[PDB]
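Structural overview for review
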Amino acid sequence: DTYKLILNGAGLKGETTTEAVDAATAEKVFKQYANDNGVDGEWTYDXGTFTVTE
């Protein structure tokens, strides 16, 4: 399935996607991604779309 991350933090704004078997798997990918980019924020998830917005 295609999952989307809408990111807003650490001087960056982005929209990226990852292909994953389920939401929990996509969530690990996106949370690691956010961490790699110095983003520490609050998260939402709805219908395949994640947001992280510090």
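Regarding how it was determined, this PDB entry cites X-ray crystallography in its header, along with a resolution of 2.000 Å.

With respect to the helices, strands and loops of the structure, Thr-18 is situated in strand β2 (residues 12-19). If sequence neighbours within four positions are ignored, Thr-18 has contacts with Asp-1, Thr-2, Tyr-3, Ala-26, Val-29 and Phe-30.

Moving on, we get to the packing of aromatic side chains. Tallying each qualifying case throughout the model produces four aromatic pairs. Where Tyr-45 meets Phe-50, the ring centres are 4.6 Å apart and the plane angle is 50°; that geometry is what we call tilted. One aromatic cluster in this structure is built from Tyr-3, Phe-30, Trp-43, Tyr-45 and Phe-50.

Rules and cut-offs
- Residues numbered from 1 in each chain as written, not as in the entry; some residues may be left out.
- Heavy atoms only, no water.
- Residues with missing side-chain atoms left out of burial classes, pairs and counts.
- Helix = DSSP H or I, 4+ residues; strand = E, 2+ residues; numbered from the N terminus.
- Contact = heavy atoms within 4.5 Å.
- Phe/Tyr/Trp six-rings, centres within 6.5 Å; stacked < 30°, edge-to-face > 60°.

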